[PDB]
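One-based numbering along the sequence shown. FYI, side chains are in, hydrogens and waters are out, and symmetry mates aren't considered; it's all heavy atoms of this structure.
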Amino acid sequence: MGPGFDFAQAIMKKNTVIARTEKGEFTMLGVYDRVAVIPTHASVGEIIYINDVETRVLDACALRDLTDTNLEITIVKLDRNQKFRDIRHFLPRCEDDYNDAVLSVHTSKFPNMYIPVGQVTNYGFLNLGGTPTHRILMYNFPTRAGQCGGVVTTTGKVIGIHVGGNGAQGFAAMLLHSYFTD
């Protein structure tokens, strides 16, 4: 409907797949080559479904900060026959606050879903499902089950993936450029 929604759509139409694990269906962001991200609570194993096709997992790494605290991001390398558009130049270099963000989801339950969430706070620490977690972004939107892995964008930046909510607030794990240096 406006320039925030334009950027978000451009990311969804080329840089997402539907991922299925034994723990559910997730929006999955492809970042470059055969590398994608998903919330760590998806519990990615040796095999994953990508757009309903059986796909071998070449590598999966559940990220933690240097204090050995959960970041809720798992980086997956997929045995896929096609590369993602390289979007690393849209990733922020540092932790930050943002204005006017969009959360975008694409699953069987919620196809082509876009939500204007407004202001995003560098929240920092969150006890997420009982797990101490760092680098959390917060938005004051009543997010619901089925949105995990959703992509959080501003104009020109891909800033996080949705990992949880408390009924009134939603929470995303930051994406940083430094997670995807090669």
Going through the checks in order, is the side chain to side chain donor-acceptor pair (under 3.5 Å) test met by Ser108 and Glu25? CA-CA 8 Å; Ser108 297; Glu25 215 176 58; 3.1 Å; yes
Step by step, work out the side-chain contact (heavy atoms from CB on, under 4.5 Å) result for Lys77 and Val57. CA-CA 6 Å; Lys77 191 163 176 191; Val57 174; over 6 Å; no
May I have the step-by-step check of side-chain contact (heavy atoms from CB on, under 4.5 Å) for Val163 and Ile136, ending in yes or no? CA-CA 9 Å; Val163 295; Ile136 293 284; 4.0 Å; yes
Show your working on side-chain contact (heavy atoms from CB on, under 4.5 Å) between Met12 and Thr27 and close with a plain yes or no. CA-CA 9 Å; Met12 296 308 289; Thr27 301; 4.1 Å; yes
Are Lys23 and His41 close enough, and set up right, to give a side-chain contact (heavy atoms from CB on, under 4.5 Å), and what steps lead you there? CA-CA 8 Å; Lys23 315 270 171 111; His41 73 257; over 6 Å; no
Test side chain to side chain donor-acceptor pair (under 3.5 Å) on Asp97 and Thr121 and set out the steps. CA-CA 5 Å; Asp97 310 286; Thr121 303; 5.1 Å; no
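With sequence neighbours excluded, the residues forming a ring pair (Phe, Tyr, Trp, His ring centres under 6.0 Å) with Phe90 are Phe7, listed by chain and number. Judged as a ring pair (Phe, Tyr, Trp, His ring centres under 6.0 Å), and not counting sequence neighbours, the contacts of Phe171 are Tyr123.
Annotation: side chain of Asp100 is not in contact with side chain of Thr154 (no heavy-atom distance under 4.5 Å). At a threshold of 4.5 Å between non-hydrogen side-chain atoms, the residues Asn122 and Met174 count as touching. The shortest distance between side-chain heavy atoms of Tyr98 and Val152 does not fall below 4.5 Å. A heavy-atom distance below 4.5 Å is not found between the side chains of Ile18 and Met28. Taking the side chain as every heavy atom from C-beta outward, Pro116 and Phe5 approach each other to under 4.5 Å.
With hydrogens and angles ignored, the 3.5 Å screen pairs no side-chain donor or acceptor of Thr40 with any backbone N or O of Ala62. Side-chain atoms of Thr67 do not come within 3.5 Å of backbone N or O of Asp65 as any donor-acceptor pair. Judged by distance alone, the side chain of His162 and the main-chain N or O of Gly164 form a donor-acceptor pair under 3.5 Å. Not a single donor-acceptor pair under 3.5 Å links the side chain of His134 to the backbone N or O of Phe125.
Within a 6.0 Å radius of CD in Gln119, other residues, nucleotides and ligands contribute 12 heavy atoms or fewer. Other residues, nucleotides and ligands contribute over 12 non-hydrogen atoms within 6.0 Å of the NZ atom of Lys157.
Side-chain heavy atoms closer than 4.5 Å link hydrophobic residues (I, L, V, M, F, W, Y) into clusters, and following such links, even through other members, never connects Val31 to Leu78. Under the 4.5 Å side-chain contact rule for hydrophobic residues, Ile161 and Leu71 share a cluster. The cluster map of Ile, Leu, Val, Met, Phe, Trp and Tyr, joined by side-chain heavy atoms under 4.5 Å apart, puts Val151 and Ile73 in the same cluster. Hydrophobic clustering places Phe84 together with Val44 (ILVMFWY residues linked when any side-chain heavy atoms are closer than 4.5 Å, directly or through intermediates). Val76 and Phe180 are assigned to two separate hydrophobic clusters, defined by single-linkage of ILVMFWY side chains at heavy-atom distances under 4.5 Å.
We find the CG-NZ distance between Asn15 and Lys13 to be 13.0 Å, quoted to the nearest 0.5 Å. Remark: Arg34 CZ to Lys83 NZ distance equals 7.0 Å, nearest 0.5 Å. To the nearest 0.5 Å, the span separating CD1 on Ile75 from CG on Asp59 amounts to 9.0 Å. Atom CG of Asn166 is separated from atom OG1 of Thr143 by 7.5 Å, given to the nearest 0.5 angstrom. Separation of atoms CG (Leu126) and CG (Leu137) is listed at 11.0 Å; rounding is to 0.5 Å. Interatomic distance, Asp6 CG to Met1 CE, rounded to the nearest 0.5 Å: 13.5 Å.
Listed here is the closest heavy atom pair of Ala19 and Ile48: CB-CD1, 4.1 Å. Of all non-hydrogen atoms in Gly149 and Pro39, the two that sit nearest each other are N-CG, 3.6 Å. Here the closest heavy-atom approach between residue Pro132 and residue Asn70 is recorded as O-CB, 3.4 Å. Taking all atoms of both residues into account, the shortest heavy-atom contact from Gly146 to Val105 is O-CG1, 3.8 Å. In terms of heavy-atom proximity, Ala101 sits nearest to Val120 at CB-CG2, 3.4 Å. Contact between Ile38 and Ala42 at its shortest, heavy atoms only, is CD1-CB, 3.5 Å.
Figure legend: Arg88 and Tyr32 shown as a cation-pi pair, the cationic atom lying under 6.0 angstrom from the six-membered ring centre and within 45 degrees of its axis.
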